[PDB]
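Enquirer: Just one file: model_5.pdb, with PDB, C-alpha atoms.
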```
MODEL        1
ATOM      1  CA  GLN C 129     -26.665  -1.749   3.734  1.00  0.00           C
ATOM      2  CA  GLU C 130     -25.005   0.877   1.532  1.00  0.00           C
ATOM      3  CA  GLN C 131     -21.211   1.030   1.259  1.00  0.00           C
ATOM      4  CA  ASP C 132     -19.078   3.807  -0.248  1.00  0.00           C
ATOM      5  CA  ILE C 133     -15.662   2.239  -0.755  1.00  0.00           C
ATOM      6  CA  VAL C 134     -12.494   4.132  -1.641  1.00  0.00           C
ATOM      7  CA  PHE C 135      -9.459   2.340  -3.016  1.00  0.00           C
ATOM      8  CA  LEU C 136      -6.298   4.332  -2.305  1.00  0.00           C
ATOM      9  CA  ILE C 137      -3.426   2.848  -4.313  1.00  0.00           C
ATOM     10  CA  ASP C 138       0.284   3.603  -4.161  1.00  0.00           C
ATOM     11  CA  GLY C 139       1.780   4.526  -7.522  1.00  0.00           C
ATOM     12  CA  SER C 140       5.329   5.202  -6.339  1.00  0.00           C
ATOM     13  CA  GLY C 141       8.275   4.609  -8.651  1.00  0.00           C
ATOM     14  CA  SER C 142       9.249   1.574  -6.579  1.00  0.00           C
ATOM     15  CA  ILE C 143       6.329  -0.269  -8.161  1.00  0.00           C
ATOM     16  CA  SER C 144       7.238  -1.806 -11.521  1.00  0.00           C
ATOM     17  CA  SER C 145       4.933  -1.352 -14.501  1.00  0.00           C
ATOM     18  CA  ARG C 146       4.204  -5.077 -14.425  1.00  0.00           C
ATOM     19  CA  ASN C 147       3.312  -4.980 -10.744  1.00  0.00           C
ATOM     20  CA  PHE C 148       1.189  -1.849 -11.147  1.00  0.00           C
ATOM     21  CA  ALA C 149      -0.810  -3.613 -13.855  1.00  0.00           C
ATOM     22  CA  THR C 150      -1.213  -6.611 -11.547  1.00  0.00           C
ATOM     23  CA  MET C 151      -2.433  -4.331  -8.751  1.00  0.00           C
ATOM     24  CA  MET C 152      -5.034  -2.788 -11.065  1.00  0.00           C
ATOM     25  CA  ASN C 153      -6.228  -6.283 -12.057  1.00  0.00           C
ATOM     26  CA  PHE C 154      -6.720  -6.942  -8.332  1.00  0.00           C
ATOM     27  CA  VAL C 155      -8.712  -3.747  -7.864  1.00  0.00           C
ATOM     28  CA  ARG C 156     -10.893  -4.691 -10.850  1.00  0.00           C
ATOM     29  CA  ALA C 157     -11.423  -8.212  -9.491  1.00  0.00           C
ATOM     30  CA  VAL C 158     -12.492  -6.999  -6.053  1.00  0.00           C
ATOM     31  CA  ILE C 159     -14.852  -4.374  -7.478  1.00  0.00           C
ATOM     32  CA  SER C 160     -16.435  -7.025  -9.719  1.00  0.00           C
ATOM     33  CA  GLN C 161     -17.527  -8.954  -6.606  1.00  0.00           C
ATOM     34  CA  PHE C 162     -19.904  -6.163  -5.599  1.00  0.00           C
ATOM     35  CA  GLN C 163     -23.079  -4.707  -7.071  1.00  0.00           C
ATOM     36  CA  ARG C 164     -24.484  -1.210  -7.415  1.00  0.00           C
ATOM     37  CA  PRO C 165     -26.395   0.586  -6.126  1.00  0.00           C
ATOM     38  CA  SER C 166     -25.708  -0.894  -2.674  1.00  0.00           C
ATOM     39  CA  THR C 167     -21.955  -0.657  -3.142  1.00  0.00           C
ATOM     40  CA  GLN C 168     -20.223   2.232  -4.910  1.00  0.00           C
ATOM     41  CA  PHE C 169     -16.523   2.806  -5.450  1.00  0.00           C
ATOM     42  CA  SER C 170     -14.083   5.695  -5.800  1.00  0.00           C
ATOM     43  CA  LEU C 171     -10.384   5.466  -6.695  1.00  0.00           C
ATOM     44  CA  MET C 172      -7.460   7.687  -5.718  1.00  0.00           C
ATOM     45  CA  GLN C 173      -3.838   6.957  -6.580  1.00  0.00           C
ATOM     46  CA  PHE C 174      -1.012   8.479  -4.524  1.00  0.00           C
ATOM     47  CA  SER C 175       2.760   8.905  -4.580  1.00  0.00           C
ATOM     48  CA  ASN C 176       4.058  12.355  -3.636  1.00  0.00           C
ATOM     49  CA  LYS C 177       1.192  13.516  -5.841  1.00  0.00           C
ATOM     50  CA  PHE C 178      -2.503  12.693  -5.655  1.00  0.00           C
ATOM     51  CA  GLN C 179      -4.989  11.851  -8.389  1.00  0.00           C
ATOM     52  CA  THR C 180      -8.659  11.016  -8.108  1.00  0.00           C
ATOM     53  CA  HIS C 181      -9.331   8.669 -11.028  1.00  0.00           C
ATOM     54  CA  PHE C 182     -13.065   8.532 -10.353  1.00  0.00           C
ATOM     55  CA  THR C 183     -15.493   9.756  -7.727  1.00  0.00           C
ATOM     56  CA  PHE C 184     -18.491   7.927  -6.315  1.00  0.00           C
ATOM     57  CA  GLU C 185     -20.751  10.024  -8.536  1.00  0.00           C
ATOM     58  CA  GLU C 186     -18.851   8.999 -11.661  1.00  0.00           C
ATOM     59  CA  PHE C 187     -18.943   5.346 -10.639  1.00  0.00           C
ATOM     60  CA  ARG C 188     -22.675   5.561  -9.872  1.00  0.00           C
ATOM     61  CA  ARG C 189     -23.708   7.154 -13.171  1.00  0.00           C
ATOM     62  CA  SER C 190     -21.507   4.923 -15.346  1.00  0.00           C
ATOM     63  CA  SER C 191     -23.152   2.451 -17.711  1.00  0.00           C
ATOM     64  CA  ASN C 192     -19.926   0.431 -17.549  1.00  0.00           C
ATOM     65  CA  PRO C 193     -18.070   1.138 -14.253  1.00  0.00           C
ATOM     66  CA  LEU C 194     -15.197  -1.334 -14.667  1.00  0.00           C
ATOM     67  CA  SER C 195     -14.127   0.715 -17.697  1.00  0.00           C
ATOM     68  CA  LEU C 196     -13.283   3.610 -15.373  1.00  0.00           C
ATOM     69  CA  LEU C 197     -10.305   1.450 -14.358  1.00  0.00           C
ATOM     70  CA  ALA C 198      -9.072   1.058 -17.931  1.00  0.00           C
ATOM     71  CA  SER C 199      -7.157   4.328 -18.276  1.00  0.00           C
ATOM     72  CA  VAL C 200      -5.298   4.483 -14.965  1.00  0.00           C
ATOM     73  CA  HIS C 201      -1.695   5.572 -15.478  1.00  0.00           C
ATOM     74  CA  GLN C 202       0.956   5.214 -12.789  1.00  0.00           C
ATOM     75  CA  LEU C 203       2.029   8.479 -11.172  1.00  0.00           C
ATOM     76  CA  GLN C 204       5.560   7.442 -10.154  1.00  0.00           C
ATOM     77  CA  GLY C 205       7.255   9.325  -7.311  1.00  0.00           C
ATOM     78  CA  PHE C 206       7.496   8.944  -3.528  1.00  0.00           C
ATOM     79  CA  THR C 207       5.067   7.476  -0.963  1.00  0.00           C
ATOM     80  CA  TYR C 208       3.245  10.040   1.223  1.00  0.00           C
ATOM     81  CA  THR C 209       0.678   7.661   2.711  1.00  0.00           C
ATOM     82  CA  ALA C 210      -0.391   9.934   5.576  1.00  0.00           C
ATOM     83  CA  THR C 211      -1.066  12.914   3.331  1.00  0.00           C
ATOM     84  CA  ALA C 212      -2.809  10.585   0.861  1.00  0.00           C
ATOM     85  CA  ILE C 213      -5.161   9.343   3.584  1.00  0.00           C
ATOM     86  CA  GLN C 214      -5.783  12.954   4.619  1.00  0.00           C
ATOM     87  CA  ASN C 215      -6.716  13.862   1.057  1.00  0.00           C
ATOM     88  CA  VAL C 216      -9.175  10.970   0.827  1.00  0.00           C
ATOM     89  CA  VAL C 217     -10.763  11.585   4.215  1.00  0.00           C
ATOM     90  CA  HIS C 218     -11.257  15.288   3.565  1.00  0.00           C
ATOM     91  CA  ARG C 219     -12.587  15.057   0.016  1.00  0.00           C
ATOM     92  CA  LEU C 220     -13.729  11.742  -1.468  1.00  0.00           C
ATOM     93  CA  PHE C 221     -16.519  11.182   1.071  1.00  0.00           C
ATOM     94  CA  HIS C 222     -18.090  14.616   0.561  1.00  0.00           C
ATOM     95  CA  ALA C 223     -21.717  14.626  -0.560  1.00  0.00           C
ATOM     96  CA  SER C 224     -20.546  16.669  -3.557  1.00  0.00           C
ATOM     97  CA  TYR C 225     -18.427  13.709  -4.681  1.00  0.00           C
ATOM     98  CA  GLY C 226     -21.407  11.373  -4.686  1.00  0.00           C
ATOM     99  CA  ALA C 227     -20.938   9.928  -1.194  1.00  0.00           C
ATOM    100  CA  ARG C 228     -24.061   8.896   0.724  1.00  0.00           C
ATOM    101  CA  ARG C 229     -24.746  10.049   4.277  1.00  0.00           C
ATOM    102  CA  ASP C 230     -26.213   6.718   5.380  1.00  0.00           C
ATOM    103  CA  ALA C 231     -23.548   4.561   3.697  1.00  0.00           C
ATOM    104  CA  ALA C 232     -20.727   2.843   5.546  1.00  0.00           C
ATOM    105  CA  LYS C 233     -17.465   4.588   4.622  1.00  0.00           C
ATOM    106  CA  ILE C 234     -14.616   2.210   3.789  1.00  0.00           C
ATOM    107  CA  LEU C 235     -11.008   2.874   2.753  1.00  0.00           C
ATOM    108  CA  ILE C 236      -8.727   0.194   1.298  1.00  0.00           C
ATOM    109  CA  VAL C 237      -5.072   1.215   1.125  1.00  0.00           C
ATOM    110  CA  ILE C 238      -2.599  -0.723  -1.011  1.00  0.00           C
ATOM    111  CA  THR C 239       1.102   0.054  -0.604  1.00  0.00           C
ATOM    112  CA  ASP C 240       4.469  -1.576  -1.273  1.00  0.00           C
ATOM    113  CA  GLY C 241       6.287   0.336   1.441  1.00  0.00           C
ATOM    114  CA  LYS C 242       6.339   2.584   4.474  1.00  0.00           C
ATOM    115  CA  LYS C 243       5.691   6.297   4.070  1.00  0.00           C
ATOM    116  CA  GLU C 244       8.914   8.282   3.727  1.00  0.00           C
ATOM    117  CA  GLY C 245       9.374  12.038   3.567  1.00  0.00           C
ATOM    118  CA  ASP C 246       5.709  12.691   4.322  1.00  0.00           C
ATOM    119  CA  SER C 247       5.390  15.940   6.293  1.00  0.00           C
ATOM    120  CA  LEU C 248       2.355  14.441   8.033  1.00  0.00           C
ATOM    121  CA  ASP C 249       2.274  11.755  10.717  1.00  0.00           C
ATOM    122  CA  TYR C 250      -0.413   9.092  11.033  1.00  0.00           C
ATOM    123  CA  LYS C 251      -1.419  10.572  14.379  1.00  0.00           C
ATOM    124  CA  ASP C 252      -2.217  13.748  12.435  1.00  0.00           C
ATOM    125  CA  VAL C 253      -4.683  12.089  10.069  1.00  0.00           C
ATOM    126  CA  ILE C 254      -6.016   8.874  11.613  1.00  0.00           C
ATOM    127  CA  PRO C 255      -7.885  10.430  14.563  1.00  0.00           C
ATOM    128  CA  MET C 256     -10.114  12.327  12.131  1.00  0.00           C
ATOM    129  CA  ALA C 257     -10.641   9.204  10.039  1.00  0.00           C
ATOM    130  CA  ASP C 258     -11.821   7.462  13.229  1.00  0.00           C
ATOM    131  CA  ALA C 259     -14.129  10.380  14.049  1.00  0.00           C
ATOM    132  CA  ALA C 260     -15.719  10.031  10.606  1.00  0.00           C
ATOM    133  CA  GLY C 261     -16.182   6.315  11.208  1.00  0.00           C
ATOM    134  CA  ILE C 262     -14.100   5.405   8.175  1.00  0.00           C
ATOM    135  CA  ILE C 263     -13.294   1.681   8.270  1.00  0.00           C
ATOM    136  CA  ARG C 264      -9.759   1.199   7.008  1.00  0.00           C
ATOM    137  CA  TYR C 265      -8.039  -1.822   5.490  1.00  0.00           C
ATOM    138  CA  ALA C 266      -4.293  -1.818   4.955  1.00  0.00           C
ATOM    139  CA  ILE C 267      -2.750  -4.111   2.358  1.00  0.00           C
ATOM    140  CA  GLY C 268       1.039  -4.243   2.505  1.00  0.00           C
ATOM    141  CA  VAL C 269       2.802  -5.804  -0.486  1.00  0.00           C
ATOM    142  CA  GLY C 270       6.356  -7.044   0.018  1.00  0.00           C
ATOM    143  CA  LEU C 271       8.435  -9.275   2.299  1.00  0.00           C
ATOM    144  CA  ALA C 272       9.453  -6.198   4.287  1.00  0.00           C
ATOM    145  CA  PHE C 273       5.971  -6.188   5.813  1.00  0.00           C
ATOM    146  CA  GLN C 274       6.935  -9.386   7.642  1.00  0.00           C
ATOM    147  CA  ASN C 275       9.141  -7.564  10.147  1.00  0.00           C
ATOM    148  CA  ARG C 276       8.170  -4.948  12.736  1.00  0.00           C
ATOM    149  CA  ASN C 277       9.291  -1.658  11.189  1.00  0.00           C
ATOM    150  CA  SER C 278       6.841  -2.117   8.317  1.00  0.00           C
ATOM    151  CA  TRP C 279       4.256  -4.104  10.285  1.00  0.00           C
ATOM    152  CA  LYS C 280       3.526  -1.198  12.641  1.00  0.00           C
ATOM    153  CA  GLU C 281       2.895   0.846   9.501  1.00  0.00           C
ATOM    154  CA  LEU C 282      -0.083  -1.327   8.570  1.00  0.00           C
ATOM    155  CA  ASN C 283      -1.377  -1.146  12.136  1.00  0.00           C
ATOM    156  CA  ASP C 284      -1.193   2.653  12.108  1.00  0.00           C
ATOM    157  CA  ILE C 285      -3.234   2.743   8.899  1.00  0.00           C
ATOM    158  CA  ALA C 286      -5.833   0.037   9.549  1.00  0.00           C
ATOM    159  CA  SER C 287      -8.909   0.127  11.758  1.00  0.00           C
ATOM    160  CA  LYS C 288      -9.038  -1.961  14.936  1.00  0.00           C
ATOM    161  CA  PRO C 289      -9.029  -4.844  15.550  1.00  0.00           C
ATOM    162  CA  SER C 290      -5.832  -4.625  13.501  1.00  0.00           C
ATOM    163  CA  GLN C 291      -5.667  -8.290  12.491  1.00  0.00           C
ATOM    164  CA  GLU C 292      -9.145  -8.162  10.919  1.00  0.00           C
ATOM    165  CA  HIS C 293      -8.174  -5.129   8.856  1.00  0.00           C
ATOM    166  CA  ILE C 294      -4.656  -5.915   7.682  1.00  0.00           C
ATOM    167  CA  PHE C 295      -3.343  -8.063   4.839  1.00  0.00           C
ATOM    168  CA  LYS C 296       0.288  -8.908   4.176  1.00  0.00           C
ATOM    169  CA  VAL C 297       1.151 -10.434   0.804  1.00  0.00           C
ATOM    170  CA  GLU C 298       4.608 -11.517  -0.356  1.00  0.00           C
ATOM    171  CA  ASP C 299       4.280  -9.932  -3.803  1.00  0.00           C
ATOM    172  CA  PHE C 300       1.829  -8.363  -6.232  1.00  0.00           C
ATOM    173  CA  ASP C 301       1.150 -11.722  -7.857  1.00  0.00           C
ATOM    174  CA  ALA C 302      -0.146 -12.873  -4.461  1.00  0.00           C
ATOM    175  CA  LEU C 303      -2.824 -10.168  -4.214  1.00  0.00           C
ATOM    176  CA  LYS C 304      -5.315 -12.409  -5.984  1.00  0.00           C
ATOM    177  CA  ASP C 305      -4.948 -14.822  -3.051  1.00  0.00           C
ATOM    178  CA  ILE C 306      -6.669 -12.425  -0.651  1.00  0.00           C
ATOM    179  CA  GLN C 307      -9.547 -11.395  -2.928  1.00  0.00           C
ATOM    180  CA  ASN C 308     -12.074 -13.729  -1.294  1.00  0.00           C
ATOM    181  CA  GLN C 309     -10.834 -12.869   2.200  1.00  0.00           C
ATOM    182  CA  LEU C 310     -11.121  -9.133   1.572  1.00  0.00           C
ATOM    183  CA  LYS C 311     -14.541  -9.557  -0.040  1.00  0.00           C
ATOM    184  CA  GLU C 312     -15.820 -11.479   2.992  1.00  0.00           C
ATOM    185  CA  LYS C 313     -14.531  -8.796   5.360  1.00  0.00           C
ATOM    186  CA  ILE C 314     -16.359  -6.042   3.471  1.00  0.00           C
ATOM    187  CA  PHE C 315     -19.574  -8.011   3.005  1.00  0.00           C
ATOM    188  CA  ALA C 316     -19.663  -8.346   6.796  1.00  0.00           C
ATOM    189  CA  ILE C 317     -19.813  -4.554   7.161  1.00  0.00           C
TER     190      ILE C 317
ENDMDL
END
```
Output the file's structure as structure tokens, nothing else.

Expert:
Amino acid sequence: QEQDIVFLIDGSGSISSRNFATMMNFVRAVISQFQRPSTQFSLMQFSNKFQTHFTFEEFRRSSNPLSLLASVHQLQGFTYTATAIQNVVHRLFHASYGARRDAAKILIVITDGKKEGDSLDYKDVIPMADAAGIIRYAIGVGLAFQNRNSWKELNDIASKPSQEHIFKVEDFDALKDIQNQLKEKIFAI
């Protein structure tokens, strides 16, 4: 079963250079657990700005896909998670970007904090993501995601059942600890 998977990663200034590098190592590790052509990937980074590092078409045609993750520079800035999801949902899965009609559409969001200053609300972008059948995973990095204020954030982003689509890790160095878990979740789709 074909899968078109988008990684949407936060590049806000709150993320240290060391942690950003660690996050990219995690993305590379997860991608390395899958094989083309069944699974294809696309990567967008967000802050208050948005950058598509590679589309599904670029990943598909590449003779060395993992290299497309070699020159990813951190954007810095704020964290407009809702608008970022909107940008992914309304662009990265287009046929013109290399997406496949019959493929399962999956979005993996990695963030170190709640959205702040975003002019869009989750209720403004999630309903459409659900209509498109986009399966969403929310990965929250930081002890703050242990409370309620930040917990609800992951629930608003992730597909239901929430528990099966959310991951809370204490720090960026702990991302590697959920690689197998995340892989198993996706392989089950």

Enquirer: Excluding same-chain residues fewer than 6 positions from range 287-291 of chain C, what lies within 9 Å of it counting all atoms listed in the file, as a list in words?

Expert: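 So the residues in contact are residues 258, 262, 263, 264, 265 and 266 of chain C.
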
Enquirer: Given all atoms listed in the file as the basis, pick out the residue of C:140, C:131, C:147, C:202 nearest to residue 299 in chain C.

Expert: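 Ranked by minimum distance to residue 299 in chain C, first place goes to C:147.
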
Enquirer: Between C:170, C:180, C:307, C:145, single out the one closest to residue 133 in chain C, counting only C-alpha atoms.

Expert: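 Among C:170, C:180, C:307, C:145, it is C:170 that comes nearest to residue 133 in chain C.
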
Enquirer: Residues within 8 Å of residue 187 in chain C, please, as a PyMOL selection string. Count all atoms listed in the file; anything in the same chain fewer than 3 positions from it doesn't count.

Expert: chain C and resi 168-170+182-184+190+193+196

Enquirer: Kindly indicate which residue among C:300, C:195, C:157, C:241 lies nearest to residue 279 in chain C, using only C-alpha atoms for the distances.

Expert: C:241

Enquirer: Which residues, written as a PyMOL selection string, have at least one atom at most 12 Å from residue 251 in chain C, with only C-alpha atoms counted and residues fewer than 5 positions away on the same chain left out?

Expert: chain C and resi 210-211+213-214+256-258+281+283-285

Enquirer: How would you write, as a PyMOL selection string, the residues chosen by the PyMOL selection byres ((chain C and resi 152-154) around 10) on this structure?

Expert: chain C and resi 137+147-151+155-160+197-198+200+300-307

Enquirer: Find the spatial neighbours of residue 209 in chain C, counting all atoms listed in the file, within a cut-off of 12 Å - ignore same-chain residues fewer than 2 positions away - and output them as a PyMOL selection string.

Expert: chain C and resi 136-140+172-178+206-207+211-216+237-250+252-254+266+268+281-282+284-285
